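Here's the structure, in structure tokens; my notes come after.
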Amino acid sequence: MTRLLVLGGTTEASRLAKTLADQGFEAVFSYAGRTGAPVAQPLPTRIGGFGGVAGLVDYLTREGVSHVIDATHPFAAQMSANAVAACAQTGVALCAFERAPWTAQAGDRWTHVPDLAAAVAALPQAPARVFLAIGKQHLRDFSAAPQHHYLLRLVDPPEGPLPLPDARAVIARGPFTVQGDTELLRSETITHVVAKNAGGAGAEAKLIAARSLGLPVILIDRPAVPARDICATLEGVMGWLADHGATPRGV
Ligand SMILES: C/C1=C2/N[C@@](C)([C@@H]3N[C@@H](CC4=N[C@@](C)(CC5=NC1[C@@](C)(CC(=O)O)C5CCC(=O)O)C(CC(=O)O)=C4CCC(=O)O)[C@](C)(/C=C/C(=O)O)[C@H]3CC(=O)O)[C@@](C)(CC(=O)O)[C@@H]2CCC(=O)O
Ligand SMILES: NC(=O)c1ccc[n+]([C@@H]2O[C@H](COP(=O)([O-])OP(=O)(O)OC[C@H]3O[C@@H](n4cnc5c(N)ncnc54)[C@H](OP(=O)(O)O)[C@@H]3O)[C@@H](O)[C@H]2O)c1
């Protein structure tokens, strides 16, 4: 019998959790605990790491998980690799719920770089006004280009000093809206946006906002992850679960 684990942290994961609850599945939602107080989900929620591959193996076994939906961020590549390894070791079925990368349309002015360090190298020499729309974990990389003014967007207020000599943070969590990000990029007079190619619904706003302002985006390509089934849409996840024998409680 069916007991799902949703590895979360995305808008996709939240939409899936709502669906799973509404359809009466037995399921647990998992956060890493990267933020101080993550928003509530409509499933019993675990918070914290598993202890690597071995730890996740152990959890899947003791919890009696039948299926894992990896709905983590596309750039949370360690978690995603760990899930491929732990599910292969235990024989638990796994699908990653991740949408196609975002692709450029009319009016976008995008350049692509392979990783965060290359995004730092992409910035111009002369001081600019750069929206580092990349969260918290890798802000320090931009200490290699300290001359810019940086706009940061952080879930929690910083405790430590920031590694950037000219920076302001907004304290906010998404989902973000086009209206909201337009006003931010205007008010801060941003010249350049740095973004990871998440592909998700929750942080596409900054790209549309940039397009409305005529601004360039330096877009970081997704990191390598080992092969596993990919469920690209919510409907895809629900078909995959049905196909692999997951059923709800029957309420
Ligand atoms: C957009 C977005 C982003 N999150 C960042 C900020 C990444 N999100 C977190 C952790 C995190 N975000 C929360 C709100 C979840 C969401 N963040 C979203 C969603 C809105 C969408 C998503 O990501 O699909 C969403 C889901 C909200 C939902 O619909 O419910 C959350 C839970 C909660 O606190 O309420 C947790 C703890 C998760 C956990 O413990 O498992 C990281 C890891 C830490 C941020 C911090 O501590 O300030 C950071 C990436 C990083 O720093 O490298 C960024 C930049 C990813 C990126 O590069 O795209 C990007 C914002 C880019 C910008 O500013 O445009
Ligand atoms: N760019 C982004 O990561 C972005 C945006 C919104 C959310 N996030 C979310 O923020 C979280 C942290 O991402 P990250 O960049 O730190 O990932 P990561 O580098 O891939 O993960 C590092 C370690 O954190 C633990 N972890 C990650 N996601 C977890 C989850 N959902 N449940 C339980 N443990 C988890 C695992 O620890 P153990 O090996 O100890 O198990 C993992 O090995 C994830 O839930 C992710 O979806 C990331």
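If you read the sequence from its start, that first residue is 1, and numbering goes on from there. Remember, it's 1-based here, ligands and their atoms both numbered in the order they're listed. As a basis for the values below, the full set of heavy atoms in this structure was taken, side chains included, without hydrogen atoms, waters or symmetry mates.
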List every atom of ligand 1 that sits less than 4.0 Å from any heavy atom of [X], numbering the atoms from 1 in the order shown and giving each element.
| X | answer |
| --- | --- |
| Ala32 | 39 (C), 40 (O), 41 (O) |
| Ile134 | 50 (C), 51 (C), 52 (O), 53 (O), 55 (C) |
| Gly33 | 39 (C), 40 (O) |
| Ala203 | 1 (C), 65 (O) |
| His73 | 23 (O), 56 (C), 57 (C), 58 (O), 59 (O) |
| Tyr31 | 32 (C), 38 (C), 39 (C), 40 (O), 41 (O) |
| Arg173 | 14 (C), 33 (C), 34 (O), 35 (O) |
| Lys206 | 62 (C), 63 (C), 65 (O) |

Could you find the nearest protein heavy atom to [atom] and give me its residue, atom name and distance?
| atom | result |
| --- | --- |
| atom 13 (C) of ligand 1 | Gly9 O, 4.5 Å |
| atom 24 (O) of ligand 2 | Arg34 NH2, 3.0 Å |
| atom 30 (O) of ligand 1 | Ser14 OG, 2.8 Å |

Among [options], which one puts a heavy atom closest to [atom]?
| atom | options | answer |
| --- | --- | --- |
| atom 11 (C) of ligand 1 | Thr11, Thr72, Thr35 | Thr35 |
| atom 27 (C) of ligand 1 | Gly199, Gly174, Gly202 | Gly174 |
| atom 44 (C) of ligand 1 | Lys18, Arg15, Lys136 | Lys136 |
| atom 8 (N) of ligand 2 | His73, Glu12, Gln78 | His73 |
| atom 13 (O) of ligand 2 | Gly51, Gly8, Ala76 | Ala76 |
| atom 28 (N) of ligand 2 | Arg173, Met79, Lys136 | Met79 |
| atom 50 (C) of ligand 1 | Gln41, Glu98, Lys196 | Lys196 |

Give a yes/no verdict on a cation-pi contact between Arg153 and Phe176, requiring under 6.0 Å between NZ or CZ and the six-membered ring centre and an angle within 45° of the axis. yes
For [atom], decide whether some protein heavy-atom distance is shorter than 4.0 Å.
| atom | answer |
| --- | --- |
| atom 33 (C) of ligand 1 | yes |
| atom 55 (C) of ligand 1 | yes |
| atom 1 (C) of ligand 1 | yes |
| atom 4 (N) of ligand 1 | no |
| atom 63 (C) of ligand 1 | yes |
| atom 9 (C) of ligand 1 | no |
| atom 42 (C) of ligand 1 | no |
| atom 21 (C) of ligand 1 | yes |

Out of all atoms in ligand 2, which are within 4.0 Å of some heavy atom of [X]? Include the element for each.
| X | answer |
| --- | --- |
| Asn82 | 39 (O), 43 (O) |
| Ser30 | 30 (C), 31 (N), 32 (N), 33 (C) |
| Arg46 | 33 (C) |
| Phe75 | 1 (N) |
| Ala77 | 20 (O) |

Test your reading of the structure: does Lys196 have an N or O sitting under 3.5 Å from an N or O of ligand 2? yes
I need the contact type for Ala198 against ligand 2. Using non-hydrogen atoms and a strict under-4.0 Å cut-off, is it side chain, backbone, both or neither? neither
At under 4.0 Å between heavy atoms, is it the side chain or the backbone of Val53 that contacts ligand 2, or both, or neither? neither
Quick one: do [X] and [Y] end up in the same hydrophobic cluster if we chain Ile, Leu, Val, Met, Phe, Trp and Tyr together by side-chain heavy atoms under 4.5 Å apart?
| X | Y | answer |
| --- | --- | --- |
| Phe142 | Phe75 | yes |
| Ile218 | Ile134 | yes |
| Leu207 | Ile190 | yes |
| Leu132 | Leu151 | no |
| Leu43 | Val39 | yes |

Look only at interatomic distance and state if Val155 has a nitrogen or oxygen under 3.5 Å from any nitrogen or oxygen of ligand 1. yes
Would you say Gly55 contacts ligand 2, with heavy atoms under 4.0 Å as the rule? no
Heavy atom of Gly52, distance to ligand 2 below 4.0 Å: yes
Is the closest heavy-atom distance from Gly200 to ligand 1 below 4.0 Å? no
Whether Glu63 and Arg46 form a salt bridge (side-chain N of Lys/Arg under 4.0 Å from carboxylate O of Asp/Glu) is what I want to check. no
Write down the atom of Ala195, the atom of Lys206, and the distance for their closest heavy-atom approach. CB-CE, 3.5 Å
For the residue pair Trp110 and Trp102, what are the closest heavy atoms and their distance? CZ3-O, 3.9 Å
